[PDB]
Amino acid sequence: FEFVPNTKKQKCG
Amino acid sequence: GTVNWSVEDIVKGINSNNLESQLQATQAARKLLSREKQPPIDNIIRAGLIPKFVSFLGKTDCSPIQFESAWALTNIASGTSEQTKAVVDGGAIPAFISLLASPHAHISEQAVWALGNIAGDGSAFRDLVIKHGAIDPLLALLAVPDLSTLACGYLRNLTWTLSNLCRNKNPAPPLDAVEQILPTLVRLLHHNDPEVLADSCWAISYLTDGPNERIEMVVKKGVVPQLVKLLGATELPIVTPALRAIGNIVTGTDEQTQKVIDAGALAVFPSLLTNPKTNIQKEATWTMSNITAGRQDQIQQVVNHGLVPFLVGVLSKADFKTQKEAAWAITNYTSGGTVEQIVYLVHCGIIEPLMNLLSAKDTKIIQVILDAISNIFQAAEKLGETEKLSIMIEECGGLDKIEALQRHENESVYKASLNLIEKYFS
């Protein structure tokens, strides 16, 4: 398993 | 009330010219777009709603519709490049930048988030966000005596968005933008929150992924000791980017690499080179390979820290991609090391695991291994001990493989295997 940055983030709450 | 509206009813409400009806419909849109399973982004775009949402960002007297429209557009911009482009094409960038100064913290934060999604699409939209002037008001939100007085979520969002302004290449971010951001970034890199630390490290890793001048801008701000501290964190979301940043830095000049060594990084590598996550072992061995490509006194600190046995270990047993980095770290070491240093490799047991890797298919690793063997023989010659090594190589089956290599598709392999056998084994 590899940790990676988040390119885009949806706001679900 | 606003749950499970049809797009048709959202459209009717937005087009009503009753602000409160438009607010309810925009909230209904927001709720649709907040669902994790197949949010109907394309249906909302096709309904023509982006320009209306963008106008609602400017309704200072109805802060709820500002918030709901910001959220809806955040989630459109969280999609594909085409979906993000629809948001940009609607004029959302300057509207969101104007909301950064909003007295309503949740609206400012939503604008920070939307801008992070837009900038994260790619270099062009990143640079367009910068040209519209986003950096000054973003940095102003963090210009406080102690970051701990900010809400945790707000700070994590600001850090993440700044990280996207530091991300991507072809081109890298504008130099003046990076210089403007770096002092705030260095403060975030000392913050106590694990998500802020992780994203600060990712940002530094992007800034150091480039030519030596970009590395130097970062190193000059004195971040290397903190990176080395975070290299030891328990949280793998922190270690991973800290290690990427350190790895990038040691692709720079010998003097930049020396700052990493002086800060104590090598003492972390017994753990990194045995880390149960294969990605960490790989990146740690890649980092090592660019340190052993350094000066003889830097090789010597690798020796002094006890790291040669750890390289023998990875070469003996690791994921094959890690073993490849280890072969490179050994070739580099043999290329630049003193004769004493190269001899030490053999005494630590490098030959057998190196030979066992000559049975691998990757033709590039074989070239690397063969190059290291030559370098090692060349060092033994200077001591007259070529036969002792030749024996060693024979007894573990290496000569068998070196010979089979004489008959391998690649011709640099051909030539290299031949010269070894002719020159040392006859």
Side-chain angles (χ1 to χ4, degrees), chain A, chain B residues 30-31 33-37 39 41 67 70-81 83-84 109-110 113-114 116-122 153 156-157 160-161 163-164 166-168 195 198-199 201-203 205-206 235-244 276-280 282-283:
Chain A
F1 178 90
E2 174 188 1
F3 294 66
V4 295
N6 293 112
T7 299
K8 294 174 181 172
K9 288 186 187 185
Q10 185 194 7
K11 179 178 184 178
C12 293
Chain B
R30 179 266 284 184
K31 291 183 176 182
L33 294 167
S34 293
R35 93 157 172 249
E36 310 143 283
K37 330 158 148 209
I41 296 174
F67 178 58
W71 186 347
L73 288 166
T74 295
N75 285 357
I76 299 176
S78 82
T80 65
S81 294
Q83 286 161 349
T84 309
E109 177 169 0
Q110 201 57 56
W113 191 328
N117 276 345
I118 293 169
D121 184 69
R156 288 169 177 179
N157 272 308
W160 174 74
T161 289
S163 87
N164 269 353
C166 294
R167 196 177 180 182
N168 287 303
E195 295 195 29
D199 284 338
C201 283
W202 281 115
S205 87
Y206 313 143
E235 305 103 317
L236 285 181
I238 298 172
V239 177
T240 298
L243 175 57
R244 179 65 72 80
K277 296 301 156 126
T278 56
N279 185 240
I280 299 298
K282 183 159 82 33
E283 292 256 295

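So that the names make sense, note that chain A is the first sequence line, chain B the second, and so on, each numbered from 1.
Here the side chain of B:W113 pairs a donor or acceptor atom with the backbone of A:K9 at under 3.5 angstrom. Formation of a donor-acceptor pair under 3.5 Å by the A:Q10 side chain with backbone atoms of B:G79 is not found in this model. With B:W160 contributing its side chain and A:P5 its backbone, the two residues share no donor-acceptor pair below 3.5 Å. Between the side chain of B:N75 and the backbone N or O of A:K11, at least one donor-acceptor pair lies under 3.5 Å.
Proximity to chain A is absent for every atom of B:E283, based on heavy atoms less than 4.5 angstrom apart. Looking at B:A77, only its backbone comes within 4.5 Å of chain A, counting heavy atoms on both sides. Residue B:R30: no heavy atom, backbone or side chain, is found under 4.5 Å from chain A. Heavy atoms of B:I76 lying under 4.5 Å from chain A are absent altogether. Both the backbone and the side chain of B:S34 come within contact range of chain A, with heavy atoms under 4.5 Å apart. With a threshold of 4.5 angstrom between heavy atoms, B:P39 approaches chain A through side-chain atoms but not through N, CA, C or O. Contacts of B:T80 with chain A are made by backbone atoms alone, with heavy-atom separations under 4.5 Å and no side-chain atom involved.
Of the listed residues B:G120, B:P237, B:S163, the one with more heavy-atom pairs under 4.5 angstrom with chain A than any other is B:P237. Most heavy-atom pairs under 4.5 Å with chain A: of the set B:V239, B:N164, B:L236, B:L33, this distinction falls to B:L236. Each of B:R244, B:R167, B:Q110 has some count of heavy-atom pairs under 4.5 Å with chain A, and the biggest count is that of B:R167.
A pairwise comparison of heavy atoms in B:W202 and A:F3 identifies CZ2-O, 3.5 Å as the closest pair.
Among residues two or more places apart in sequence or in another chain, the salt bridge (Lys or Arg N to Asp or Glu O under 4.0 Å) test is passed with A:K8 by B:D121. The side chain to side chain donor-acceptor pair (under 3.5 Å) search around B:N117 returns none, not counting sequence neighbours.
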